[PDB]
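As a starting point, one isolated chain is supplied in structure tokens, in the form deposited in one PDB entry.
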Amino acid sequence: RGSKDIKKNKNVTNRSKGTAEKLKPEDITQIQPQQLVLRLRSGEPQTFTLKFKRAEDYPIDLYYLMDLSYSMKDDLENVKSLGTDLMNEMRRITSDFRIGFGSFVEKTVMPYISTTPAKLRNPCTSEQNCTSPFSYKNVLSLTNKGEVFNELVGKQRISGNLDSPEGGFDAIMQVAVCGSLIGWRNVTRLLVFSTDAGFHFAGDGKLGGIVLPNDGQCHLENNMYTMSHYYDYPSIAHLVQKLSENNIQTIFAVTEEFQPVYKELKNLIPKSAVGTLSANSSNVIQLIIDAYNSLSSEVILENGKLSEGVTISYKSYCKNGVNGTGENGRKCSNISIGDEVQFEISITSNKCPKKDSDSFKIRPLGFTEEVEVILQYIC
């Protein structure tokens, strides 16, 4: 009959000794059983307990992606000092914080912008001395220098386009997938998406003649997104896939008007938060702090593709005795700093996958730590 074995079970890094116990991001351990092997009899379930413990001082990387339509000029005037204020704030949370900036308006093609030469040179009125439209621009890669962020954000120029919805999903996809060009580390990755309008998505390119689906590859040349005219907008499913694949945790800072839209978007996108932005981005720091608390106080578990005859189930035993089952059993809430929770993972097999030593992985969303499961079939 079925049997179970554990190969790697290093204990959590509590560092209860004190502040003297500094650790590298890879040295910190938050998931206790790092490896298992299970022997499955056809139709016989096997289960094991999985333990998670939130760390204390995990580093943070934050990328600030901002809309630059003319309505966001006052917002930019306030975001100018974020490179200092936000670092001062986050120093209460983590000892190692890095920040970066990016901007976007819209696809530069026929229906979404005015294509007369005068409007291509200046999309706004003459008094509103806007610059030419652009798809996405990586202004500052992730860094720990606040004054550089301040200066570079100060030197940016406002722009504009025609239709109210903005093409920020192109920028989101590029930020998620471009990796080294942005400097993401294997730490808490926060993407702050700021805007005051709706969003385009896949299928809107047909109006402009863009029928080729987004491929999800990085297409930055000189920190500019070049293929905006060639690929359609991403779909929400594609964004979900890539964001969850690259450990990006999203914070939607949008104005009061579009809260109903972005709340549903948040419901669709895993491990994301939404906040109400002021008319000129004056409360953005508090939005970021609240969203970070909300995200870091929750745990969600993911597993890879399983063989055809294999199935999995979750049961979560969170704090204060509140537990869950089904899709709710792979999640816990209110995990405080230093808190500990447990999950019960149940696997079953109904066939004989040709006597192969199959395997798959389980991890909490937003982290690179994984638990490796090896499956063997008694057949």
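For clarity, a rigid core is taken as the largest C-alpha set superposing within 1.5 Å between two forms. Numbers follow the displayed sequence, beginning with 1.
Keep in mind that the form deposited in another entry is not shown, yet the notes after this line are about it.
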TODO: Have a look at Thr131, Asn223, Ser282, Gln259 and give me the residue whose C-alpha moves 2 Å or more between the shown form and the other one, with the fit done on the rigid core.
DONE: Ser282
Open item on the list: Superposing on the rigid core, is the Cα displacement of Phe97 between the shown form and the other one 2 Å or more?
Closed with: no
Task: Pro59 C-alpha moves between the shown form and the other one by 2 Å or more, core aligned - done: no
Open item on the list: Would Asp204 count as moving between the shown form and the other one, using a Cα shift of 2 angstroms or more after superposing the core as the test?
Closed with: no
Open item on the list: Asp196 and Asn78: their C-alpha distance differs by 3 angstroms or more in the other entry. Do they come closer or move farther apart compared with the shown form?
Closed with: closer
Task: Outcome for the Cα pair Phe252, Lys80 in the other entry, compared with this form (closer or farther; change of 3 Å or more) - done: closer
